[PDB]
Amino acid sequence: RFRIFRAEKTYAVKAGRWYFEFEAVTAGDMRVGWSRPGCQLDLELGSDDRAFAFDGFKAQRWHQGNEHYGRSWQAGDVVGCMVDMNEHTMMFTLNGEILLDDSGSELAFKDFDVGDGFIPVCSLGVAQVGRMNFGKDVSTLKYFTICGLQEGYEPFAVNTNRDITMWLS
């Protein structure tokens, strides 16, 4: 079966600009993007409203269906995943280069509802190897300084270092 990896749902982002990387170690059937929290992702990623995904196998963008977008990865390529939760846009880079849809737009997805926010997600097909890097050690990100850093995006790990919550009785 397919393996779905997702950030812990308690770390979903509802504002700000966020970045993570996905290394396609193999070059086959994998998808990577942003998932709504607490939803069940038993379907193919982004076939419904539960996620927004880049399919680097077939060069498609997936949200409530598919359209051509970007280009396919080669083994060892790194996808950068960016979400601006205030402008309601998502962008992807492949080895630092911004991917475009057929209209020439860099907005992979736009005008989406914030809802309960988003967490990084990826799906790996049979025998596929793909690694999400949230950048806890920012120096392990490969393309953040090329595209992401100057644009004001924060590594997703910045939102996951806190492990304590507080409330008033």
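A residue's number is simply how far along the shown sequence it sits, counting from 1.
For the pair 110 to 118 and 32 to 40, the mean B factor over Cα atoms is greater in 32 to 40.
Stretches 146 to 154 and 19 to 27 differ in mean CA B factor, with 146 to 154 having the higher one. Across the residues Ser47, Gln60, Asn133, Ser105, the deposited record lists the maximum Cα B factor for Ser47. Remark: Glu97 belongs to the highest third of its chain, ranked by C-alpha B-factor as recorded. Remark: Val79 belongs to the lowest third of its chain, ranked by C-alpha B-factor as recorded. In the PDB entry, a CA B factor belonging to the lowest third of its chain's modelled residues is recorded for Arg162.
When the modelled residues of the chain are ordered by C-alpha B-factor, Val129 sits in the highest third. When the CA B factors of the chain's modelled residues are split into thirds, the value for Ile4 lands in the middle one.
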